[PDB]
Amino acid sequence: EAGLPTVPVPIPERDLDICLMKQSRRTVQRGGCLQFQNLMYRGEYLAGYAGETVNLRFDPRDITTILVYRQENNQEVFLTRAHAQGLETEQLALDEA
DNA sequence: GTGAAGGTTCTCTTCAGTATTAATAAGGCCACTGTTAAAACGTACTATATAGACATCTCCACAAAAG
């Protein structure tokens with residue numbers, strides 16, 4: 001408590017979580033579909049980005065709601081939550097999948 | 001006429017002619033070329049409208065080292 005140059009900022013816990021999520025590369029393909037571990041997903045703006053690779057963040061405890069990111073101006077930007085179609089109801093862990 | 005047959009003159013004609021307005025024409029066979037529509041007909045430099053043998057990237061699944 002005495003040896004801190006300044007008291008740390010109270011981190012927004014969703015931001016911590018978002019940067020704790022592991023991530024993979026896939027390309028949005030035809031119809032705004034993207035494959036990830038046999039599941040398929042889509043979200044509210046995906047199809048406009050069909051044809052290029054996007055960065056998407058996943059939590060192995062619940063893969064059903066992916067967060068997907070574009071790279072533009074060589075900067076990361078969030079697109080939308082890509083939901084596993086028909087599974088937007090209860091959680092699925094990666095290990096059984 | 002009492003009826004029939006027959007006698008007689010009548011002129012001059014140097015005057016009249018010559019001009020437009022004109023209708024599409026009124027020729028028919030023969031043969032022989034040479035245009036004049038206009039019909040029939042070989043084939044070219046094109047403008048597209050496909051149909052489908054291929055090449056490609058992507059997503060998902062297996063052996064080697066460290067705690």
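Note that these values count all heavy atoms, side chains included, but never hydrogens, waters or copies made by symmetry. In the text below, chain A, chain B and the rest are named by the order of the sequence lines, each starting its count at 1.
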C1' atoms of B:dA16 and B:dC12, separation to the nearest Å: 16 Å
If I pick the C1' atom on B:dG1 and the same atom on B:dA5, what distance separates them, to the nearest angstrom? 16 Å
Assign [N] to north (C3'-endo side) or south (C2'-endo side) according to its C1'-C2'-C3'-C4' torsion.
{"N": "B:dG34", "answer": "south"}
{"N": "B:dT13", "answer": "north"}
{"N": "B:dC45", "answer": "south"}
{"N": "B:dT8", "answer": "north"}
{"N": "B:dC30", "answer": "north"}

In whole Å, I'd like the distance from the [atom1] atom of [X] to the [atom2] atom of [N].
{"X": "A:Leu94", "N": "B:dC60", "atom1": "CG", "atom2": "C1'", "answer": "13 Å"}
{"X": "A:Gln35", "N": "B:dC57", "atom1": "CD", "atom2": "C1'", "answer": "15 Å"}
{"X": "A:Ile63", "N": "B:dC59", "atom1": "CD1", "atom2": "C1'", "answer": "14 Å"}
{"X": "A:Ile66", "N": "B:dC59", "atom1": "CD1", "atom2": "P", "answer": "13 Å"}
{"X": "A:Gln37", "N": "B:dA61", "atom1": "CD", "atom2": "P", "answer": "9 Å"}
{"X": "A:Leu56", "N": "B:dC59", "atom1": "CG", "atom2": "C1'", "answer": "12 Å"}
{"X": "A:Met40", "N": "B:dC60", "atom1": "CE", "atom2": "P", "answer": "12 Å"}

Under the rule that ring centres be under 5.5 Å apart and planes under 30 degrees, are [N] and [M] stacked?
{"N": "B:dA4", "M": "B:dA5", "answer": "yes"}
{"N": "B:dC62", "M": "B:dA63", "answer": "no"}
{"N": "B:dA19", "M": "B:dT20", "answer": "yes"}

ILVMFWY cluster, A:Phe36 and A:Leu39 together (side-chain gap under 4.5 Å): yes
Are OP1 or OP2 of B:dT58 and a side-chain N or O of A:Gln29 less than 4.0 angstrom apart? no
Report yes if a side-chain nitrogen or oxygen of A:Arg25 is closer than 4.0 Å to either non-bridging phosphate oxygen (OP1 or OP2) of B:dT58; otherwise report no. no
Would one find more than 12 heavy atoms of other residues, nucleotides or ligands at under 6.0 Å from atom [atom1] of [X]?
{"X": "A:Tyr45", "atom1": "OH", "result": "no"}
{"X": "A:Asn74", "atom1": "CG", "result": "no"}
{"X": "A:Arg61", "atom1": "CZ", "result": "no"}

Syn/anti label of [N] as read from its glycosidic torsion, with the cut at 90° from 0:
{"N": "B:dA4", "result": "anti"}
{"N": "B:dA25", "result": "syn"}
{"N": "B:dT14", "result": "syn"}

Hey, what do you get for NE2 (A:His83) to CG (A:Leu46), rounding to the nearest 0.5 Å? 10.5 Å
Min side-chain heavy-atom separation A:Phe58-A:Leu94 under 4.5 Å: yes
